[PDB]
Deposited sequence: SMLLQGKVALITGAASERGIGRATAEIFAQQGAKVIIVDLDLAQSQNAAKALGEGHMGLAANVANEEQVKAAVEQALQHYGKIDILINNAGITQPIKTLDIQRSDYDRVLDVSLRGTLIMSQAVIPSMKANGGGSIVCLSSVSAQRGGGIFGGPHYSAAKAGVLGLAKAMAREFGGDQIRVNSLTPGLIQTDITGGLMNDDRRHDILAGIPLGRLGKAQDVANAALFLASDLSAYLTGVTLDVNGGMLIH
């Protein structure tokens, strides 16, 4: 299978209907061993067991350096390597520009942007030592088109910041064969907007998961710094 013998760590994959869980399932179907990292230990463990045999569920706030370090250490002690990192953890808030408070900014930016940085920092050393890896970051069409879907401007900023971080890490670690790419999903299921989608439907969690599979697998071995749109034509540019 596409991820035969690979180990993948996916943040925010404990929710049954989320993109993270759909990615964990498709990754497990493709032969990978999956480490689910989310906020609730019991939920993460149960999600890992549902995948099958040989998976792991850990608890960590991706914005907490200490908790991330403990989770990555436990994963490396058991699997010895992390080939793939899916920075899927993220939150949104439908609050407009003038209503964004300091705590709203901090919460939204911490999960997506700071969390992608902290998790990447924790996994990159092992990837560099093991000869490379693949990091997938979750952005949003809102980062490209300027919101207008659900998340507020601080969400658009956070997901745009993820793109800048991912591109910068792609350039820094290209020589180490650590590929860093980003997904920009459109409106995913996890009327007026539907009319603006050429393919005439909303996205599925499995659609984003399949894009993550492509970027995590050797089918994309020559891709780094790429922003892969998964929006059904909602944004053609």
- [ ] Could you please spell out the deposited residue ranges that have no C-alpha entry in the coordinates?
- [x] 1, 192 to 203
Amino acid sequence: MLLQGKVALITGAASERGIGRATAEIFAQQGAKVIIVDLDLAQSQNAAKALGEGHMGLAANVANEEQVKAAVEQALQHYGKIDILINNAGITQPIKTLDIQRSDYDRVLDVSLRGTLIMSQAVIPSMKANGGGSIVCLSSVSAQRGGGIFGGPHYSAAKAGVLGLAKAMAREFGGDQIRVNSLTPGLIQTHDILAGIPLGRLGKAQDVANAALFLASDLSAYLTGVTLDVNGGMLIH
From here on, numbers count along this sequence of modelled residues.
TODO: Mind pulling up the entry and telling me whether 87 to 95 or 138 to 146 has the higher mean Cα temperature factor?
DONE: 87 to 95
Task: Average Cα temperature factor in the PDB entry - higher stretch of 166 to 174, 58 to 66 - done: 58 to 66
TODO: Name the one of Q43, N210, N181, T184 with the greatest CA B-factor according to the PDB entry.
DONE: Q43
Open item on the list: Out of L194, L199, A205, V37, whose C-alpha atom has the biggest B factor in the entry?
Closed with: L194
Open item on the list: Quick check on the deposited entry: does the C-alpha B-factor of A14 sit in the lowest, middle or highest third of its chain?
Closed with: highest
Open item on the list: Can you tell me whether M1 has a C-alpha B-factor in the lowest, middle or highest third compared with the other modelled residues of the same chain?
Closed with: highest
Open item on the list: Is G115 in the lowest, middle or highest third of its chain when residues are ranked by C-alpha B-factor?
Closed with: lowest
Task: Third of the chain, ranked by Cα B-factor, where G131 sits - done: highest
TODO: Consider only the C-alpha atoms of the modelled residues in this chain, order them by B-factor as the entry records it, and name the third containing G80: lowest, middle or highest.
DONE: highest
